[PDB]
Amino acid sequence: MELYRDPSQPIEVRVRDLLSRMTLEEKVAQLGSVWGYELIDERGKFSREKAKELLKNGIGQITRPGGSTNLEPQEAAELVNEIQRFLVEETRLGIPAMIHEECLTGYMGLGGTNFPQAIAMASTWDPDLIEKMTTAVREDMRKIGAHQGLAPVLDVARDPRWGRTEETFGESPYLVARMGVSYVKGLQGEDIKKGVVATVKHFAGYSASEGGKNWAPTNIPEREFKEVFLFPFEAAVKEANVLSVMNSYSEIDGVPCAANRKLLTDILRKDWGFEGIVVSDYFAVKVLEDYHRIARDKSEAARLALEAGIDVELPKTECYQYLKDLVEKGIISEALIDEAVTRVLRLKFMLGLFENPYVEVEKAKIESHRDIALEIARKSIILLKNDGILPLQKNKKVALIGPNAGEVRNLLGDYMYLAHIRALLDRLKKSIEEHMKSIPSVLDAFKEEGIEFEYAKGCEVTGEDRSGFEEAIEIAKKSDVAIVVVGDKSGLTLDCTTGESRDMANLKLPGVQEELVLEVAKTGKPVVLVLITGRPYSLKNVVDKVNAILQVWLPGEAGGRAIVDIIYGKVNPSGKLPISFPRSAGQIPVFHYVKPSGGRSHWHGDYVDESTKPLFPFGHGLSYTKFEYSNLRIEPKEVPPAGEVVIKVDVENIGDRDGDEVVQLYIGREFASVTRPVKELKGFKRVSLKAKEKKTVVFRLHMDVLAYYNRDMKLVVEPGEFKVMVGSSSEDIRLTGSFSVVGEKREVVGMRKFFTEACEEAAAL
Amino acid sequence: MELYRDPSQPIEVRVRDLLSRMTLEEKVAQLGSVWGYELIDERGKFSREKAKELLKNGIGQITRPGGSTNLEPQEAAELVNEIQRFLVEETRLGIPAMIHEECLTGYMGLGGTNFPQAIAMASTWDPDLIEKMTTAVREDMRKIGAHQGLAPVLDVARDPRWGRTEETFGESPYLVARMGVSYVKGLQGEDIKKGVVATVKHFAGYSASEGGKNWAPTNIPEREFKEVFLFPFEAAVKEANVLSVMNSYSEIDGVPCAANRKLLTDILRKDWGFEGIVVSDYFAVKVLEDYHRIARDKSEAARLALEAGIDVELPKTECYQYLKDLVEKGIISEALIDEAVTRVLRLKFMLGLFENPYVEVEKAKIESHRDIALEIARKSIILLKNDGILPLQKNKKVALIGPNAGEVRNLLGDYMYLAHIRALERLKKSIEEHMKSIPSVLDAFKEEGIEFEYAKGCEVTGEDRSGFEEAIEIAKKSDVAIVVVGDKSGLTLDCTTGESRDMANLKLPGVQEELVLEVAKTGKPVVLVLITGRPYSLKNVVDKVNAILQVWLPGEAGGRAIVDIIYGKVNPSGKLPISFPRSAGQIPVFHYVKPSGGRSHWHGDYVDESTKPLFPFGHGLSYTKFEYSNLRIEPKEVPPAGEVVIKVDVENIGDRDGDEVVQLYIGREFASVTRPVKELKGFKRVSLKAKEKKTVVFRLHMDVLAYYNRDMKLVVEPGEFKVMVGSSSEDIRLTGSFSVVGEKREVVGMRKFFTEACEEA
Ligand SMILES: O=C[C@H](O)[C@@H](O)[C@@H](CO)O[C@@H]1OC[C@@H](O)[C@H](O)[C@H]1O
Ligand SMILES: O=C[C@H](O)[C@@H](O)[C@@H](CO)O[C@@H]1OC[C@@H](O)[C@H](O)[C@H]1O
C-alpha cells in the first residue's frame, strides 16, 4: 500500500507521496474540470465511452452533475458514484473527483427545496437561522455525492441597478460578514469529511461595477476596498475557516481579478493565511483573452490565472490544459503547478474521498426543508409602510391584482433551479413545467386562508400592454381592498428583469406595473402593495398613493403562505432592510455608513430635484406591535485600545401582539486620523417579545471590532470618543450614549475579533 | 539698502535675506489673507482704520479686492494701490500683497467681459483661442493690480449630475490637459512679472464625488487617479509651469485633500517638481474641523493643512494665525513655516512686487473682449441633431418660446460676476443696472430682422403651466417654433446648475420638457436650443424635434452666436467634450471605457436602457459634409520612445465653408493591464472652404501613450496600437495600426504629454 492510500498517514504525508508519483499530465488534470452533462448518454446514465476521453488522466472537479443534467437526486447520486468508480478503478492513481453544485438558495437541482434569496436571508437578521438552513443544505448535497457549494455571495451591494443584488446580503460589511460566517459554518461544519466546502464569491468588488453593469470595472480605492469589500471575505477566511474562494469577473483599476496575484495570493493566502482552493468563476480564465484582452492566447490566460493563484479552472478545462505545454517549453516552473495540485489534493484527502468516494443511492432522496424556508420567508418580509390598513380583517373582499400574484415562476430567484435552467432551454421542457406545477402559489395561499377574492392579472412583468388594466380596475371597485402584487421575473435571459446579466438603470418597477398600481389607487379603494422583487425599486411615485407596502424579496416556494400569514397578522412582520431604498436611480449611491461629507450635497444638503436621504433607510422595518427601548447601560465608560465595552438596553413589547424586534447597534466616531462613518452597524440581535414582555439585549463590543485603516494603511484603534446609537433602524435610533478609548494609539496586528457578541438576559423586576 | 530690497540680487538671495529678518508673527502673516471688503469704508474707499488692525504685520494675499467690493475697475485699482502703499510704507518690512480674483470666464468683477463657460471653451477644441482669451484676461487683471486668477478648473467630469460640470473642460483627460495648458500659458505668459499666476483647481478628484454631490467623497483608485484625474494637473505643472494649485474640498478614501501630504507635497512637489504656491480652497482648512471632523480645533486644522503643503489659507486668516502658537508651544518646527513662507516670498519677488507694486489708475479701464467671447461662442455651440431644418431661411415666421430666449440672466455661468455675486439693496440695484447692458437672445433676433413672436412658455423652475397655451397658439401661427430651454446657473436654491446645485435625475428643469413636448404636438417644425451648464436627458424629446443646438452657458456673446448659427451666417463646428447620458441611471458613460466598460455582460444593454450615451464624446454636426481619405501611418514599427506620423486628408465636399474637428483615438489590447478600446490622444480644428481639401498631421511620440502597469510603473510596452481618426468618438472614418517593437520601456523623468497637430497642403 502506497503511503497516499494509507489513512493512518497524516494528510501532508499522503499529499507529498501522491504528488511525487504524478506525471505532469496527471498534475495538470487535477487543476481542471468537466461538466456533469458531458459524462451522460441520451438516457442520463454514466457513459464509459465519454469518460474514457475526458477522465483518462483523472480530473479536479465535476461541474454540477445534478444541476447540469436535469437528473433527480437518486439518478444524480448514481451518476456521481459511476464517475467516482471510473476514476478510482480505471485511472492509474485512482484520485477521486470533487463534485461542486450551486447551492446559494439550496442545492440547485431537481428535488432540492427553494429557500428565499440571499437578500431575504439577510433581511431576517438571524444568522443562526441561516446556519440552520445551510446545515440542511449540507446533508442534501452530501446525499448526491456533492462536496462543494458555490455559495455564499459576500459581495457588498450599494448599487441596486445591479441584477445580482438579490444574491447579496446587502450594503453593510458587518451584516454581510455576520450572515456569511453563519452560512459557511452551516455548510462546512467542523470536520469537512462530513460537510460541504463553502465557496465565498466573487473575490472581490464585483457588486460595485461602473454604472451597476455586470462584469464592468470595479474601481475601488484601498481603505474602502479593505473595510467594505474585503472585510466579509476576511471574516469568512479567518473566523469561519472557509475552504474555497471564487474570483470576480471584474477588473479592479486595470487588473482583472482572475489575473491579480496581489489579490488572490498576496491578500488571500499571504496576509490572511487561506489554505483552501481558489476556483475560477466560470470561464474567468478564458475571458482574460476574449473579454479583458490582456492574454493573447489560452496558454497566456492559463499562466496569468495560475500565477494569480487560481487552482481550478471551472466549469471545464479549456486554458489549464496548456499548463503542460508551458512547463514542457520552459515558460513556467513545474513547482508552480505542484503548489496548486498540493492545495487540491489536501482538500480531497480532508473530504475523506480516498477512504470513501461513494454514497448510498438508496439514501439519496432529498428531504423537503419547506419548514426552514417558511421560517426564513416569515422573518424576511419587510413592512416598509403601514397607515394601519394591515393586518387586514379576513371578512374584507380582496381584489388580488398583478402579475406576481398569479405566476409562481416569479417567486423564484436567479439560482433557483427551475428559473436558472431556463437559460439552457433558451422532454426537458415538460420536466420543468411538471416541477413548476408543484410550487404552492400566492393564489393557493389566499384560497387556503379562506379569503373571498377575485384575481385580475392587470399586466405582465414586461412590455407596455395596458389592456388588462380595465379588468383590474373593475374588480378593485367591487372589493373592500386591492392587494397589488408586482415586481420581478428573476433569471439570466432577456425576458427577466433582475438576476445575473439583468441590470436596471432607472429603477422603475418593470413594464407598466407602476401605472397599474397608480390606476388601481385612483379608484379610491385601500391599496396594499406587495413587491416580489430582487432589488430595491424607486417607490417615490407610489408611496404616498398606497396604504401599506410589503417588500417580499424573491421568497421561493414558501412565499405565498408567508405573504398571506403577514397580511392577516397570523405572523407579525419582523424583517428589516439590509440595503437602502433610493428615491431614484440618480440618487445612487445611498447607504447608512456615509462619512460626514457623504449622503449630502454641500451646502444646500439636497439635490436640486431630489432629497439626498433614501426613501427607506438601512435597518427599516415596521411591526404590528410597538417596542419601547429603555435603560441604556455602557460599561465601562473608558476602555483601553484592546479592551471591551458591554452595552445593554431593555426592550419591551408595549403593544397587543407578540412580535420580534431586530435591535441594531450603530457606532459613530469623529476626530480619528481619517474620516469615519457618522454611524455604521456594528451589532444586532433579533429578540422575540410576547405582548408586554421585556428583555435585556446585551452587546459585548471588543475594540478589535472598531478597528479601521489610518493614513499609513495601518489597522488601528485610536483614543477618543465613540458614539453608541441603539434602535429599530439606522434612522429610528431610540437610545444614545458614548464611551472613550483611553491610552496610546494601537496598531491591531495578527488575529483580532470581527464581531460584537449579542445575547439576551432577563430585564430587572 | 537691505539685500532683499536690491533688485540686482538674485531672487534666492533676496528671499533668504528677507526670511532671516522676519519675526514668527510676520512669517505666519504671509500665509494668510484678508477680504477686499474688510479694507473699505461704506463708499468703497480704502480704510486706514481697518487696515491698521488687519495688515499691521503684513499679509499673504488680498482676496477679491474687485470681486468682493462691487467696485468698477478704476476704483478697484485705487483700492489695491492704497492697500499696497499701506503695506510698503506702514509695515516694518514693507512686503507687498499678492492680489487674487476669480477669472475662469474672465476677471469676475464689474467691467470684465463675460466669456463663455469652460465647458463651452472645451467644445471649441481650439486651445490657441483659449490661450488668446486668457492673454486678454491677463491684461484685464494686471490693470486692477491683480496677480493671481483662481483658474482653470482641471477636474475631469464624467458625472453630469454635478453642478460644477459647466466649469470643467469635460470627460477627456487629454482634452482637459490640452485646454488647461493653453489656458495657463495665456494667463501667465513667459515672464510672470508681466502676467498673472494661474491656479489649477481642485487638486484632485473633486468632479467624481459620491452620487455627483458637492464635497462628497471622491473614492478613486490609483491607476485611474493617475491617468484620469492627476494627468491634466501633471501637464499644467510640467509643461505649462503653472505657479499655483488649489486643493479639493473632498476626501479621497478617508483623507481630506486639504490634510493630505501624500497628495499636496509627495505627488505635487516631490514627484512633479512644482515650485509655486498651494492655496486653500475657501475655508478648506477650517472645515477639516467643522465638516470632515478630523481636527478638534482650529490649531489642529492649521497643523494638518501646513503639514499637507497648503502655503496660503484663503479667503481670510482663520486657522493659520494659530501657527504662531503651535511654534511657540513646540508643537511644530518653525522650519516648516519657513518652507511655506519661502514659496510665497519667492513668487512675490518673481511678480516684481518689491520693484513696483502699483498700477496707473488712469490706465485701469478694462477693455471689452466681446470679439474673443463671440469667436468662442460661435465655435462652442454644438449641432447635436439636424434633420435638414437648419439653417432656417430668414423669411420664415418664428415662434420664439421658452425662458432661456427671454432672460439674459440665464446666459450667465456660475463664475460670471453678475450671476455669482447674487449668492450675497445698493448691491441688488447695481447688478440690475449692469445686467441691462448684456445683449439678449431677443436683441439678436431683432438685429437679424427676423419676423417672430415671443412666448415665455414657462420658468426654468416650478410647475406653472399657465404660459403653455400662449406658446402653443403662437407656434400654430408660425412656420417654425424655436424652443429655448435650460438652466439658471449660480450658487443659490433658485439655480438649477452651478456650484452647490447638483441634479440627480437629469430632467430639464421645471416643466421645460413638457413645454417642448406640447409645442411639438402642434406638428410645426421645432428647433430645440439648450442653454445649459450640464448634459440633460433628452430621451423624451430627441425623436420629437427636428434639430437640437447645445449652447453651453455662453455669457454676453450668446444671443448673436445663436442667431448666427440658426440662419447659417456661422456654420456650427462645436464638438461634445462630455458624453450625453440617455438617463441618470446610465451614469457614467464616457468614450474611453475598458473592454468590460460601457456595456452590461452578456446582453450588452441594461434591461431598460441602452448602455451607449445618447450623444457620444466628440459629437457635433455641420451644415456641410467632410470626407476623410488617405490615412497614412509612418513608420509601421516604432521603438518604445519613437514617434509615428499620422496623416489624413479632409475635404469639405458640401456647399458651405465650415470647420471640422478631426479627432485621433488610440486603442490598445494585450498590454499588461486593461486599456481603453479608444481614447482621445490628438485633435485639430481645420477650416475648409466649400470644395477645399487639406492634410491634417498628428506627430505622436510614444511618451504620449504611456500608461501605468501592474507595479504602478509608467510604461510603453511592445505591441499594436490602433489608430482611429474621425468626426466623433463614434463617427470614426479611417482606421489602421502601428506596432511598438523592442523591450518594455519604463518612462522616467520628463516625457511628452501631447500629440503635435497641424495642417499641410
Ligand atoms: O448556468 C450558467 C452559469 O451560472 C455561468 O455560466 C455564469 C453565467 O451564467 O456565471 C457564473 O456561473 C457560476 C456562478 O457560481 C457564478 O456566481 C457566476 O458568476
Ligand atoms: O465666496 C464664495 C465662494 O466662491 C464659495 O462658493 C466657495 C464655497 O464656500 O467655493 C470655493 O470658492 C473659491 C473658488 O475658487 C473655488 O472654486 C470654490 O470651490
Side-chain angles (χ1 to χ4, degrees), chain A residues 161 163 210-211 213-217 219-224 249-256 291-296 494 497 501-508 510 584-590 594-598 600-604 607-610 612 670-675 709 711, chain B residues 161 163 210-211 213-217 219-224 249-256 291-296 493 496 500-507 509 583-589 593-597 599-603 606-609 611 669-674 708 710:
Chain A
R161 298 174 289 186
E210 178 198 292
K213 298 188 303 297
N214 205 34
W215 295 35
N219 285 349
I220 310 154
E222 186 164 4
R223 297 194 191 72
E224 185 178 8
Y249 280 131
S250 293
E251 72 174 68
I252 301 167
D253 192 34
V255 187
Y291 201 65
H292 287 298
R293 320 297 293 160
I294 64 157
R296 284 167 290 176
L494 283 171
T497 60
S501 83
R502 310 309 293 138
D503 306 319
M504 187 78 78
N506 297 318
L507 287 198
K508 190 173 172 187
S584 59
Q587 203 191 47
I588 292 167
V590 278
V594 290
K595 301 304 189 70
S597 65
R600 59 177 284 103
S601 170
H602 204 52
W603 48 90
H604 302 295
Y607 297 96
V608 173
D609 56 346
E610 187 70 281
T612 48
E670 311 181 295
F671 311 123
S673 66
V674 288
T675 65
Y709 290 90
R711 292 175 159 291
Chain B
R161 297 174 289 184
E210 175 199 298
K213 297 188 304 297
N214 203 34
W215 297 32
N219 284 350
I220 308 152
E222 186 165 2
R223 296 194 193 72
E224 180 181 11
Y249 282 131
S250 293
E251 71 174 71
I252 302 167
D253 191 37
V255 185
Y291 199 63
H292 284 299
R293 319 299 291 163
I294 65 163
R296 287 168 288 175
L493 276 177
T496 60
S500 84
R501 307 312 293 136
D502 307 317
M503 183 81 74
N505 288 306
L506 296 185
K507 189 174 170 173
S583 69
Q586 205 192 44
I587 291 172
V589 280
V593 288
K594 304 299 191 71
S596 63
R599 60 175 283 106
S600 167
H601 201 55
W602 49 92
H603 303 296
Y606 296 99
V607 168
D608 56 345
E609 188 77 276
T611 45
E669 304 167 82
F670 308 123
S672 62
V673 288
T674 67
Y708 288 89
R710 287 156 192 166

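In what follows, chains are A, B, ... by sequence order, proteins preceding strands, each numbered from 1.
Interface summary for chain A: among B:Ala584, B:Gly597, B:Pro256, the most heavy-atom pairs under 4.5 angstrom belong to B:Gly597. Interface check for chain B: of the options A:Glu210, A:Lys508, A:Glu224, A:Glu222, the most heavy-atom pairs under 4.5 Å are formed by A:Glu210. The choice from B:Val673, B:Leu506, B:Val589 that makes the most heavy-atom pairs within less than 4.5 Å of chain A is B:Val673. Across B:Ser500, B:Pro595, B:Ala216, B:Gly211, the residue that shares the most heavy-atom pairs under 4.5 angstrom with chain A is B:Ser500.
Taking 4.5 Å as the limit, some side-chain heavy atom of B:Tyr291 sits within range of a side-chain heavy atom of A:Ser597. Side-chain atoms of A:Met504 and B:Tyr606, non-hydrogen and from C-beta on, never get closer than 4.5 Å to each other.
When atom types are taken as modelled, the side chain of A:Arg223 and the backbone of B:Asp253 share a donor-acceptor pair closer than 3.5 angstrom. For the pair A:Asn219 (side chain) and B:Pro221 (backbone), a donor-acceptor distance under 3.5 Å is absent. Under a 3.5 Å cut-off, the side chain of A:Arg161 and the backbone N or O of B:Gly585 do form a donor-acceptor pair. The backbone N or O of A:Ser601 lies less than 3.5 Å from no partner atom in the side chain of B:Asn214, so there is not a single donor-acceptor pair.
Here A:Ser584 pairs with A:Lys540, A:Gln587, A:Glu610, B:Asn505 under the side-chain contact (heavy atoms from CB on, under 4.5 Å) rule; sequence neighbours left out.
The two atoms that bring B:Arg293 and A:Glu670 nearest to each other are NE-OE2, 2.6 Å, heavy atoms only.
A:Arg296 touches chain B through backbone and side chain together, each having a heavy atom under 4.5 Å away. In this structure, the portion of A:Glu251 lying under 4.5 Å from any heavy atom of chain B is its side chain and not its backbone. With a threshold of 4.5 angstrom between heavy atoms, A:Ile220 approaches chain B through N, CA, C or O but not through any side-chain atom. Within the 4.5 angstrom heavy-atom criterion, only side-chain atoms of B:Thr611, from C-beta onward, approach chain A.
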Please lay out, stage by stage, how B:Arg710 and A:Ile294 fare under the test side chain to side chain contact (heavy atoms under 4.5 Å, CB included). CA-CA 12 Å; B:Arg710 287 156 192 166; A:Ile294 64 157; 4.1 Å; yes
Applying side chain to side chain contact (heavy atoms under 4.5 Å, CB included) to B:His603 and A:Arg502, what does each step give before you reach the verdict? CA-CA 8 Å; B:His603 303 296; A:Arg502 310 309 293 138; 3.7 Å; yes
